[PDB]
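According to the entry's author numbering, the sequence shown is numbered sequentially starting from 5. Even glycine gets a Cβ: it sits at the ideal position worked out from N, Cα and C.
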Amino acid sequence: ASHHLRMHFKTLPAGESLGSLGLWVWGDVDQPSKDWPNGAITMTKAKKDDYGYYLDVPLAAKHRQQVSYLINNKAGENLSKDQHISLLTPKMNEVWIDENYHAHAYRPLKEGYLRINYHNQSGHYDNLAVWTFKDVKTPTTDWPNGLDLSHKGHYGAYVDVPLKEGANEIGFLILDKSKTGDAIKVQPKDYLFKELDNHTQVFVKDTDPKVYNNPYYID
């Protein structure tokens, strides 16, 4: 198939061997599972990585909106319960499934931090910085010397920002320290984010004033 969903699992069912575990899929997949239970994708095909295990599921050639799945075993038990993933866009190629089978469109990070990812067209991040305020642990000082965007990730440059105990809302702005006066602000409107319980990354780009909760920039 032309499109795949790379499924990252944090923890597979306790005490079960990969040789007895299956990934049983339906919805907008290329080849829905048939013949219960042995028609599942054998999880022997999964590979170990840092997060856990991952397994690539071929997706439908057209109309990629939702994938459903469960983890079974060769005795025919539904070990996970049925689960469902909304594809934010038909190009969504990667998901992270935590130990409670909650799905994420990026790798969830450590609690009490927000990663701010910033992407631009040129890929030039030298002397760009992040100004932070509201419920961060330590707001930036000495305008315009904010947090460097020296770390490079999958979704542009980034910085990991510690949040205050009980944080509800963060504000930030992307700065260009090579400039002077009003041009230091890459764009003029403050970014505001207040969904900290669901989300440990956010995504901003170019001169777009919106904060996105996913790397596909879907509002």
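Roughly how many angstroms separate the alpha carbons of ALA44 and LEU91, rounded to a whole number? Looking up residue 44 in the sequence shown gives position 40. Looking up residue 91 in the sequence shown gives position 87. Using only the alpha carbons, I get a separation of about 21 Å.
Would DSSP call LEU132 helix, strand or coil? Residue mapping note: residue 132 aligns to position 128 of the sequence shown, counting from 1. Of the three classes helix, strand and coil, the one that applies to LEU132 here is strand, per DSSP.
Mind reading off the beta-carbon distance from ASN149 to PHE207? Whole number of angstroms is fine, and I expect it under 8 Å. As a working note, residue 149 is residue 145 in the sequence shown. As a working note, residue 207 is residue 203 in the sequence shown. So it is not a contact: roughly 24 Å between Cβ atoms.
Output the distance between the C-alpha atoms of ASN42 and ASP60, rounded to the nearest integer angstrom. Here residue 42 refers to the residue found at position 38 of the sequence shown. Here residue 60 refers to the residue found at position 56 of the sequence shown. Approximately 18 Å, taken between the alpha carbons.
What is the rounded straight-line gap between the Cα of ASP102 and the Cα of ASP210? The residue you call residue 102 lines up with position 98 of the sequence shown. The residue you call residue 210 lines up with position 206 of the sequence shown. Near 31 Å, if we compare the C-alpha coordinates of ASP210 and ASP102.
Outcome for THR184 when other beta-carbon atoms lying within 10 angstroms are tallied against a minimum of 16: On the sequence shown, residue 184 is found 180 positions in, with the first residue counted as 1. Counting Cβ neighbours within 10 Å, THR184 comes out exposed, since fewer than 16 surround it.
Go through its chain and collect everything with a Cβ distance to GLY23's Cβ below 7 Å, but skip five positions before and after it. As a first step, residue 23 is located in the sequence shown; it is residue number 19 there, counting from the start. Cβ neighbours of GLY23 beyond the five flanking positions: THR48.
Across which residues does DSSP place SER72 in a beta bridge pair? Stepping through the sequence shown from its first residue, residue 72 is reached at position 68. Beta-bridge pairing links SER72 to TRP30, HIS88.
Residues bridged to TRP100 by DSSP? For the purposes of this step, residue 100 is identified with residue 96 of the sequence shown, where counting begins at 1. DSSP output for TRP100 lists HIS12, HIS108 as bridge partner(s).
Is it buried or exposed, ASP39, if we count other Cβ atoms within 10 angstroms and call 16 or more buried? Counting from 1 along the sequence shown, the entry for residue 39 is found at position 35. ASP39 comes out exposed.
Need the endpoints of the beta strand (DSSP E) that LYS209 sits in, please. In the sequence shown, residue 209 corresponds to position 205, counting from 1. Residues 205-209.
Using CA coordinates, which residue listed in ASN172, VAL190, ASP186 is at the minimum distance from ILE178? For the purposes of this step, residue 178 is taken as residue 174 along the sequence shown, with counting starting at 1. The residue with the shortest Cα to Cα distance from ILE178 is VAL190.
Quick one: what does DSSP say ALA5 is sitting in, helix, strand or coil? Position 1 of the sequence shown, counting from 1, holds the residue named residue 5. Three-state DSSP puts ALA5 in coil, outside helix and strand.
Can you pull the DSSP bridge partners for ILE174? On the sequence shown, position 170 is the one that residue 174 refers to. The partner list for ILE174 (beta bridge, DSSP) reads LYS138, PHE197.
Is the separation between the beta-carbon of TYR129 and that of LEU153 shorter than 8 Å? Along the sequence shown, read from residue 1 onward, the residue named residue 129 stands at position 125. Along the sequence shown, read from residue 1 onward, the residue named residue 153 stands at position 149. Yes, Cβ-Cβ distance for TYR129 and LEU153 is below 8 Å.
May I have the straight-line CA-CA distance separating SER182 from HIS8, to the nearest angstrom? In the sequence shown, the residue the question calls residue 182 occupies position 178. In the sequence shown, the residue the question calls residue 8 occupies position 4. Rounded to whole angstroms, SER182 to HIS8 spans 41 Å at the Cα level.
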